[PDB]
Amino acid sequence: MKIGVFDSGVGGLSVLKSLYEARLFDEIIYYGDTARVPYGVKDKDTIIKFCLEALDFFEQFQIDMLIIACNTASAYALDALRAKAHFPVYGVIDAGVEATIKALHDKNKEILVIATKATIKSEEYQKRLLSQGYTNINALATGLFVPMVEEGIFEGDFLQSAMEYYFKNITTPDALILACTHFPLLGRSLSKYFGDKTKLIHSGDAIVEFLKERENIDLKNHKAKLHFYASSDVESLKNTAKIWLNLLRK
């Protein structure tokens, strides 16, 4: 089982970590479009175009399956990606919704979706939740979280002001969907901001359960062999990857 993992840049490592630790695969190819990141503040057409180029890049690897780690790309490009690919392609949005339903199991509970501008604008989360009868939803772009995470700001007064700027006079949700690859890095601060009543829905953990229910995968004895590629400064991606996944252990 050799799969591909696509993200707009470095943030998708949160999803990779999930897939890595779940021990589902022999081998994983991670590609980050670091030369053109972010996607979240750009337009639909551009996002779809960039995703198709990524699929082109993965053509050289003989992968059995492609996971779109990026929520933004998952929001707009799945249709095109699936029309072109001849192997299963999965995004994280569908998975995120069902993990939310599984966490709450009560259509009356309150849900907050936080993501990039483009992901929110797609209304893809909203659409899936509503169709399942979950109508107590709020969707909110919190875009500054991405470059803050990338600058290594995961807590403190700077981040507090960021949350208060985004979360002023909004209600505390029974669940918040971390609908952005970067957001698990802010998991503790977010949870501290909202309190323990709010369940955090993690996209990476979500896609893992999603695959386990959809596929028949034996749990591996050994960790997958990881491969890192990037459109720019691949060593920087690898450096970040080493820190976030801790690829320095035994």
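Residue indices: 1-based, along the sequence shown.
Query - Entry-level comparison of average CA B-factors, 15-23 and 234-242, reporting the higher stretch - result: Averaged over C-alpha atoms, the B-factors run higher in 234-242.
Report task. Please work out which of 223-231 and 5-13 has the higher mean CA B-factor as recorded in the PDB entry. Result -> Averaged over C-alpha atoms, the B-factors run higher in 223-231.
Query raised in the report: Which one, 117, 168, 128, 107, has the peak C-alpha temperature factor per the PDB entry?
Result: If I rank 117, 168, 128, 107 by C-alpha B-factor, first place goes to 168.
Query raised in the report: If you compare 190, 207, 55, 68, which has the highest Cα B-factor in the entry?
Result: If I rank 190, 207, 55, 68 by C-alpha B-factor, first place goes to 55.
Query raised in the report: Once the chain's modelled residues are ordered by C-alpha B factor and cut into thirds, is residue 183 in the lowest, middle or highest one?
Result: According to the entry, residue 183 has a C-alpha B-factor in the chain's lowest third.
Query raised in the report: Can you tell me which third, lowest, middle or highest, the CA B-factor of residue 76 falls into for its chain?
Result: For residue 76, the deposited C-alpha B-factor lands in the middle third.
Query raised in the report: Considering only modelled residues of the same chain, in which third does the CA B-factor of residue 145 rank: lowest, middle or highest?
Result: Bottom third by C-alpha B-factor.
Report task. Tell me, lowest, middle or highest third: where does the Cα B factor of residue 134 rank within its chain? Result -> Residue 134: CA B-factor falls in the lowest third of its chain.
Query raised in the report: In terms of the CA temperature factor given in the entry, to which third of its chain does residue 87 belong: lowest, middle or highest?
Result: It belongs to the highest third of the chain when residues are ordered by C-alpha B-factor.
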